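Examination of the molecular architecture
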Amino acid sequence: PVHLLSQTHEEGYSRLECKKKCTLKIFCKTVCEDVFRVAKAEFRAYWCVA
Amino acid sequence: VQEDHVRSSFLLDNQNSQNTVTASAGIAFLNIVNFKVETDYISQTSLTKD
């Protein structure tokens, strides 16, 4: 599995966020607020050769 | 020989919560003839999902 090529990308998806938050431990609110995020992945190709 | 199926599905949600917290003061006849304190606080949360 010899390394074909490494590469990286940078894309952004407004993720999912449905979280509940307590005010003062008596009552809680669910503050759904989807947030921006630039995710990145490093694509490492590994050419397979006999 | 002919046939057909239809299968509708409709699921709706809602969580319409609310809060209202108020405080007050008014210690005023002696050593300070007047000073008044009151805070207000109202929070809402309405989340529908269909």
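Summary of conventions: residues on each chain are numbered from 1 in written sequence order, possibly unlike the entry numbering, and any residue without coordinates is omitted from what is shown. As they are written, the chains are lettered A onward and the ligands numbered 1 onward, keeping that order. Consider the displayed chains a part of a larger assembly; each reported value belongs to this part rather than to the entire assembly. Calculation of side-chain values draws on the structure's entire complement of heavy atoms; hydrogens and water are dropped beforehand.

The deposited coordinates, according to the entry record, derive from cryo-EM at 5 Å resolution.

The PDB entry annotates chain B as Macrophage-expressed gene 1 protein originating from Mus musculus.

Per the PDB entry, chain A goes by the name Macrophage-expressed gene 1 protein and belongs to Mus musculus.

Numbering of helices and strands starts at the N terminus; helices are DSSP runs of H or I of at least 4 residues and strands are runs of E of at least 2. Helix and strand counts for chain B stand at zero helices and two strands. Values of the radius of gyration come from C-alpha atoms, whereas the globule rule sets the reference at 2.2 Å times the count of residues to the power 0.38. A compact globule built from 50 residues would reach a C-alpha radius of gyration of about 10 Å, whereas chain B, at 27 Å, exceeds it by more than 25%. Expressed along its principal axes, the backbone C-alpha trace of chain B runs to roughly 95 × 5 × 5 Å.

In this section: the pairing of strand β2 (residues 18-22) of chain A. All names here are of chain A. Type-normalised accessible area, obtained with a 1.4 Å probe on protein chains alone, sets the label of each residue: buried when under 20%, exposed when over 50%, and partly exposed for intermediate values. Within β2, only zero of the five residues are buried, which leaves it mostly out in the open. Strand pairing is assigned whenever DSSP detects at least two bridges linking the two strands. As defined by bridge partners, β2 adjoins strand β3 (residues 28-32) across five bridges and the pair is classed as antiparallel. From the neighbouring strand, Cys18 faces β3, where its bridge partner is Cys32. Hairpin geometry of β2 and β3 is characterised by an intervening segment of five residues between the two adjacent antiparallel strands and by a positive phi of about 65° at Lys25.

We now examine the state of the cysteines. Residue and element names in this part refer to chain A. Put simply, a disulfide is two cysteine sulfurs that come within 2.5 Å. Following the criterion strictly, the structure yields zero disulfides over all chains and no others. Distance from the sulfur of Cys28, which forms no disulfide, to the nearest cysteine sulfur (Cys22) is 4.5 Å. A relative accessible area of 24% places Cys28 in the partly exposed class.

As a further point, take the interface of chain A and chain B. Counting residues at the interface gives five residues for chain A and seven residues for chain B. For the pair chain A and chain B, the summed buried surface comes to about 500 Å²; carbon and sulfur atoms form 59% of the total. Here the quantity called buried area is the total loss of accessible area, with a 1.4 Å probe, experienced by two parts when brought into contact, counted for both. Considering only the surface of chain A that becomes buried against chain B, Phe27(A), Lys29(A) and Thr30(A) emerge as the three largest contributors, covering 77% of it. We define a salt bridge as a contact between a side-chain nitrogen of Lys or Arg and a carboxyl oxygen of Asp or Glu at a distance within 4 Å. Taken together, the links from chain A to chain B amount to zero salt bridges. For this analysis, a polar contact is any N or O atom pair within 3.5 Å, provided that within protein one partner can donate a hydrogen and the other can accept it, and provided that sequence-adjacent residues contribute only side-chain to side-chain pairs. Between the two partners, chain A and chain B, sit zero residue pairs in polar contact. The contact criterion used throughout is that any non-hydrogen atoms of two residues lie within 4.5 Å.

This part is about the environment of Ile27(B). Residues and elements named next belong to chain B. With respect to the helices and strands, the residue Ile27 is situated in the loop between β1 (13-22) and β2 (40-49). Sequence-wise, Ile27 and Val37 are 10 residues apart; in three dimensions their C-alpha atoms are separated by 8.9 Å. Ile27 has contacts with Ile32 and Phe35, leaving out every residue within four places of it along the chain.

A separate point is the pattern of salt bridges. Residues and elements named next belong to chain A. Summed over the entire model, instances satisfying the criterion amount to two salt bridges over all chains. Between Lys40 and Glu10 there is a salt bridge whose closest N-O contact spans 3.7 Å. With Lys40 in strand β4 (residues 38-47) and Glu10 in strand β1 (residues 2-12), the pair connects residues that are 30 residues apart, well separated along the chain. Exposure remark for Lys40: the relative accessible area of 64% places this residue in the exposed category. A salt bridge links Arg44 to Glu42, with the nearest nitrogen and oxygen atoms 3.2 Å apart. On the basis of relative accessibility, which here comes to 48%, the residue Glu42 falls in the partly exposed class.

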